[PDB]
Structures are given as C-alpha cells and as structure tokens.
Amino acid sequence: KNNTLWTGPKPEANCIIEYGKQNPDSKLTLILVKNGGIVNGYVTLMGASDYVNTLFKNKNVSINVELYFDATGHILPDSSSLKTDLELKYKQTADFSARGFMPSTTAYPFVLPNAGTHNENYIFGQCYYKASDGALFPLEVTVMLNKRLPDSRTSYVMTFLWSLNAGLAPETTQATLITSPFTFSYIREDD
Amino acid sequence: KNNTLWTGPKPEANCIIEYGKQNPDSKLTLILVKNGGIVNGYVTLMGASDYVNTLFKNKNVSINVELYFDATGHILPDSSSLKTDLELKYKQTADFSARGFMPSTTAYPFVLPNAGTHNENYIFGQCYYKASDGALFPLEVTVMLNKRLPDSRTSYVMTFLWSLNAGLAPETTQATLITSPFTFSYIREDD
Amino acid sequence: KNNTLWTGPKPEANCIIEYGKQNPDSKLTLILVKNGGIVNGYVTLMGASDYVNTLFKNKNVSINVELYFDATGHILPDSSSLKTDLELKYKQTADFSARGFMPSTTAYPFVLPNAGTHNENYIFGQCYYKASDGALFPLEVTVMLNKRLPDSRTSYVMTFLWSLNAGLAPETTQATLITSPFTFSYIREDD
C-alpha cells in the first residue's frame, strides 16, 4: 500500500491560475488512485484570490492547469501550475517512485505533430459551477495526457481545461470559485 | 475485504420517497466500494408505489433521498429515507464498523446552517430516465456530503437529489420509475 | 492481483463494426477492472477502415458493438463484434476463469424475450468525438447488460451503442474515428 497519490483532502493554496503570478491563487485538490491497470482520478479547484474569484463575472471563462512530471512521477514545480508535489497517502517518505500513477505512454504517447491529427490523448467530460443565486452551469472539461513534450526534464504531462461559454455571466459579485468534482480514469504506466 | 458496503444487488422496497408515508415505496440500490483514499459509489432508484410511479406525469419533478449515519457508519433509520441498514458483502461479528466508507469530515465538513454556503460539499452530475415511448430524459443529480446536521445523533450525511425539468412530461400514464445508474467518487474517512 | 481483464492498451484491429464484413475494421479498447463488488470499465473505439473512418461524414450515426460471453467469461467470437478474447493483464493462458468480471445476472437479469421494457438493464452516458477541425460533438452512449441472449450458447451480454444526431456533419472527408474514453461501473458476478 501506497495506492493513493494526492494533494491532501483540503490543501492550502497550491496552484497558480493567473499567468505570471508568483504565488498560489487557488487550491487544487487532485487524487490519483490505482485500480488494476487504470488510475481513477478526482479533481476540484477552489479559487483563493480576488482575480480567480471574479472570473465568473464574465460569460466566457477558461481555466487552465498544466502538470509536468519527471521520470519518477514527481511534479516539476517550475513549469507546472501546481507548485507542491503530490504525496502518498500512506507514507511519511518523500523517498518514493510514483511512475505507476502516471499516464501510460503506450496508450497516450508523446508525438511530434507532423501533419495529421493525434486525438488519442484526450478525455472529455463535464463538471459544474453552482452560482450565488443557485443556478448551476455546466463546465466543459478537457484532460490531455502526454502528447506534447515541452522540454527535456519532462516525462509525463497531465493538463486540465475547464470552460464555460454561457448566455449570461453566472455572477455579478466576487464569489468563491469552486469546480464540482470531476472524475476520470486512464491507463497507467507500470510501477 | 470489508471493502464493499451496500443494499444488495436487487433490493426489495427499502426506501421512502413520499412525504409522510410510513412504509417503503421505492427500491434504492446503493453500493459504496473503497478504492485507496476514495469511495466509488453507484446508485439507482426504482419506484414501487403508484405515487412514485406517476411522478413523471409532470414535467418538473424533484426526488429526494436522505441518508444519515451514526459514528460507526450505520444508517439511522428513523430520520433516513432508507429504512434498512447497509451491509458488508461478507457477514458480521458485532455487525461492524463502516466508518471508513463515510464521506470525510475534513474534505466535506459540517458547517453552520447558513444559506448557499459551502458548495464544496456537493457533487453534481447527470443520469437518465428512459420513458415508456423510448425518449431519454436527463436527470440532474446532486449529492450532498455532510454539510448540514439534521439532529444531534448523526455523524455523517449523504443525500441524493434527482431533478427533471422537461419541456413536456415524460409520461401520460403510470410507469415504473427507474433512474439509470449514477456513479460518483468522494474522499473517505479513515477506517 | 489478477483484477484487470482487457484488450491491452493499444490493440491491433480486433472488432467488426460494418455489417457483414469478415475481418476487423476497428480497434476496440476495453478494460474491466474489479473493485470490490463492482467492475470499473473503460471503453474507446478507433476506426481502422475507410468505411468506419467516413461514418462521421453523416450527421446521424449509430455504432454498435456486441459482446457475448460464455459461462467462464470468455468471448464467443463468432457472434461478438470483438474477435479476440480479452486477456488478464497478468497471465498467459486460458488457465483463467473470468466469470467474476461479468455483469451480475442478479442485478441485470435475463428476462423473457419480448415481454416488457426492463430499463434496469441499461447504463446511459455520454462521450465525445473531436472532429478534424477541432469541434467537439457529444455522443450518446447506451450500455446493455444481459437482458436478452443471441443464441443458447451465451451466458453474459454487454453491448455498446454510440449515437450522434448532429445539426450538421462533423466531417466532410475521411478522418480517424475515435470515441473519447467512456467510463462506467456495474455490479459484478461472483468469482
């Protein structure tokens, strides 16, 4: 056992949404659990800055989070949106190899674009935002696994995009941004 | 392994939907399986009374199921919609402690009874109702974890809401209400 | 430790979509993982023929994949769309019984042919098709478990239907068909 790799259940601000900001402005909860040959994931984002908490005063919203991992499955905090590495739920040890939680590069390879679409690397789904007035808006989610390699330090990529394209803005005031839990599963690398 | 807590796979009527009814009018199927630090859930409701089975003669419908558990994860039947406790897929010395199946009070705390606060305690999704003529209608699902205590004897809360908001009612006659299976995952309490 | 039954992560053409074709024209990725009392599934289909890769030149499309298994959970290749049996992620043989990965016939019974509706044998959901120009199209998914046999040699049934009813066709030329990953869970038979 050490079948759960996660941010903790109620993390402190650990992720930067607003490009260029130097400190965290949001709280990413991300949990990756092994289950046989797949990983089951759970992700939710909570805003923690006035900028993130006023994004939903606009009708068109896109939130992006990119995670870059090294060869042993550890976050590269300089290029990732998440600035703190994930940790095993059972283990005080940070000494561990997390390759087994990573997205398979056999199912979801890195590719060089070379005229021709490569859409095997995406998961699509939906999650929701509940506004201040009670209205519920669907958020379209895209997860991309591996596919584009940005540098030589990276071995695995997991990116998230939440998009809202609404008839009218959900809010007219600042309100804590919370994306409802989005679950997904993917084929995992060997341990 | 002490890892599945459920109603059974095809339960007899075990749940009360209609306000003020004294005996079960529906069959709730609920399965909670441990997977690392999360529980994976599966839930479906089947009507077993004329009242439940004529709800979809209206175009706007809300079905509420509330589950209140004690400190060792057992159902409190007086206040809960479900009138029979859940059971382990494998049998009892003292019946048993089901606390590790419950929603985490760290991830999903109990909070003051203020309106519209703490929307991090909800999971939103969709499942479907297939009408007698074949039309498929989406049902918006809300699951509430903990958040509001109903009384001083409860330790954990899990509530389900299925909502239909159609342009035209699905049915014009009585028909067996069946919600298609809804899956969800949540951060679990320690064993 | 033999909890994954699958096609492998990047299968050769192994499925026949087009009516009356004798050899595979598509690549079905199917992974069934035990988790306590349920199976967690992941399915995606990739086209592998000009026929399959031109279906999305029409706005209305139905793709069907039917899997029929014998009493030990192995594919009957003659009748099924999948022509190669599933394999354990850790084996090598037919030294494997796969009944524990099958859909429970208590939760999803077989019923008398042609007598009633039996919507409790269906799981409905959505996945997507990303077109060559980038637009995302929702695909409605229906999974049927057990319910009706194709012949008297079959013990378990799992069928998938992906449907598109767009306002306009996704494509005007041939393009690799890919159904984004669809996850679902169901109550499993005993091992």
Side-chain angles (χ1 to χ4, degrees), chain A residues 33-42 104 107 123-125 183-188, chain B residues 4 9 29 31 33 35 38 40-44 125 127-128 180-185, chain C residues 2-11 14-15 27-46 63-69 73-75 80-82 84-89 98-105 107-108 121-128 139-147 156-162 178-189 191:
Chain A
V33 183
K34 291 179 186 175
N35 181 27
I38 62 181
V39 156
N40 292 321
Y42 167 113
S104 173
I123 293 164
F124 302 105
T183 47
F184 59 107
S185 297
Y186 63 82
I187 295 166
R188 73 188 186 86
Chain B
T4 304
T29 298
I31 312 173
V33 178
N35 183 24
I38 61 178
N40 293 317
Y42 171 112
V43 67
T44 176
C127 63
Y128 299 84
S180 74
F182 178 69
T183 48
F184 57 106
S185 298
Chain C
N2 272 48
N3 69 354
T4 302
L5 180 67
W6 70 346
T7 51
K10 192 67 52 170
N14 59 5
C15 182
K27 292 161 173 168
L28 181 75
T29 294
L30 175 67
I31 307 178
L32 303 174
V33 182
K34 289 174 184 179
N35 186 15
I38 61 178
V39 161
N40 286 323
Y42 170 105
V43 63
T44 174
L45 185 67
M46 178 179 273
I63 298 171
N64 285 106
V65 165
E66 294 96 25
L67 309 181
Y68 298 124
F69 302 88
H74 290 106
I75 289 282
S80 297
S81 301
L82 182 62
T84 284
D85 195 14
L86 301 177
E87 55 192 33
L88 294 172
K89 182 166 188 278
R99 186 174 68 191
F101 290 91
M102 294 297 104
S104 171
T105 50
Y108 313 106
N121 292 75
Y122 290 91
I123 291 166
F124 303 101
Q126 192 158 266
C127 63
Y128 301 82
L139 303 175
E140 305 311 311
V141 176
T142 295
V143 182
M144 182 187 85
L145 299 176
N146 300 328
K147 196 181 165 285
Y156 301 95
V157 179
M158 181 182 298
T159 67
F160 298 93
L161 169 61
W162 292 260
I178 293 179
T179 64
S180 71
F182 177 72
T183 53
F184 60 103
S185 297
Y186 57 84
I187 297 167
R188 76 187 181 89
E189 195 94 306
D191 306 329

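Note that these values count all heavy atoms, side chains included, but never hydrogens, waters or copies made by symmetry. Just so it is clear: chains get the letters A, B, ... in the order the sequence lines come, proteins before strands, and each one is counted from 1.
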Counterpart residues, salt bridge (charged side-chain N to carboxylate O under 4.0 Å, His left out), relative to C:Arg99 (two or more places apart):
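If we apply the salt bridge (charged side-chain N to carboxylate O under 4.0 Å, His left out) test to C:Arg99, skipping adjacent residues, there are no hits.
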[Y] and [X], any side-chain heavy atoms less than 4.5 Å apart:
X: A:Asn40; Y: A:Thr183; value: no
X: C:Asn146; Y: C:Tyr156; value: yes
X: C:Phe160; Y: C:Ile63; value: no
X: C:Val141; Y: C:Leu161; value: no
X: C:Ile75; Y: C:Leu67; value: yes
X: C:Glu140; Y: C:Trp162; value: no

Partners of A:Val33 by side chain to side chain contact (heavy atoms under 4.5 Å, CB included), sequence neighbours excluded?
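Side chain to side chain contact (heavy atoms under 4.5 Å, CB included) list for A:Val33, sorted by chain: A:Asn3, A:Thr4, A:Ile31, B:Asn35, B:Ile38.
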Test side chain to side chain contact (heavy atoms under 4.5 Å, CB included) on C:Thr29 and C:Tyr42; report intermediate values, then the result.
CA-CA 8 Å; C:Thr29 294; C:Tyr42 170 105; 4.1 Å; yes
Enter the distance from C:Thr159:OG1 to C:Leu145:CG here, rounded to the nearest 0.5 Å.
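Reported to 0.5 Å precision, the distance equals 8.0 Å.
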CZ-OH distance between C:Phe182 and C:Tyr128, expressed to the nearest 0.5 angstrom:
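Output value for this atom pair is 11.0 Å.
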Let's go through C:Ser104 and C:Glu189 carefully: what are the C-alpha distance in whole Å and the side-chain angles of both, what is the deciding distance for side chain to side chain contact (heavy atoms under 4.5 Å, CB included) to 0.1 Å, and is it a yes or a no?
CA-CA 4 Å; C:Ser104 171; C:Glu189 195 94 306; 4.0 Å; yes
Does C:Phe69 form a ring-ring contact (aromatic ring centres under 6.0 Å, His included) with C:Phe101? I'd like the steps, not just the answer.
CA-CA 11 Å; C:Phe69 302 88; C:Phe101 290 91; over 10 Å; no
